[PDB]
Every structure is written in structure tokens, then in C-alpha cells.
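Everything below concerns the one structure shown next.
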Amino acid sequence: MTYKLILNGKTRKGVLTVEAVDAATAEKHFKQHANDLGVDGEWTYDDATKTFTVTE
Ligand SMILES: [Cl-]
Ligand SMILES: [Cl-]
Ligand SMILES: [Zn+2]
Ligand SMILES: [Zn+2]
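Residue numbers (this note's numbering): 767 to 822.
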């Protein structure tokens, strides 16, 4: 499935997507991105849109 990431960092914002066999695979992918970009925050998921948000 294709999953989305909304970046709501204090300094750094965007929307990334990733196709992954399951949500856990996509989400580990997306956490790696927030980590490497220097965005650390609270995470929440919206099942109906397959969209994670990270809010710093
Ligand atoms: Cl797919
Ligand atoms: Cl990506
Ligand atoms: Zn897929
Ligand atoms: Zn990626």
C-alpha cells in the first residue's frame, strides 16, 4: 500500500510517501526519515487516509 507522512516540524515541513507491504514497514521507513532530518515529535496515524503525522 502507499502510506503518507506529514512533517509538522517546528522548522522543517513536508509530505513524503512510501509504498510498503505493511504499515509497520512503511512506518519504520518514515521514522528513519524524521530521525535523519532532525525532526523529533509526537506521532499519530489516520487509518482512513493511511497517513502518519509527526508533530514537533
Ligand atoms: Cl501497493
Ligand atoms: Cl519516502
Ligand atoms: Zn503496496
Ligand atoms: Zn523514503
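Built from N, CA and C at the ideal position, the CB exists for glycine as well.
Ligand 1 heavy atom lying under 7 Å from the CB of residue i
| i | result |
| --- | --- |
| residue 737 | The first residue shown for the chain is 767 and the last is 822, placing residue 737 beyond what the model contains. |
Heavy atom of ligand 4 within 7 Å of residue i beta-carbon
| i | result |
| --- | --- |
| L773 | no |
Contact test: residue i Cβ vs ligand 2 heavy atom, cutoff 7 Å
| i | result |
| --- | --- |
| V784 | yes |
Span of the alpha helix (DSSP H), counted from its first residue to its last, around residue i
| i | result |
| --- | --- |
| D802 | 789-803 |
Among the options, nearest to residue i - alpha-carbon criterion
| i | options | result |
| --- | --- | --- |
| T777 | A792, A800, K794 | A800 |
| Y811 | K779, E785, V820 | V820 |
| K779 | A790, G807, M767 | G807 |
Range of the contiguous beta strand (DSSP E) that encloses residue i
| i | result |
| --- | --- |
| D812 | 808-812 |
Nearest-angstrom Cα separation, counted from residue j out to residue i
| i | j | result |
| --- | --- | --- |
| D802 | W809 | 16 Å |
| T817 | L771 | 6 Å |
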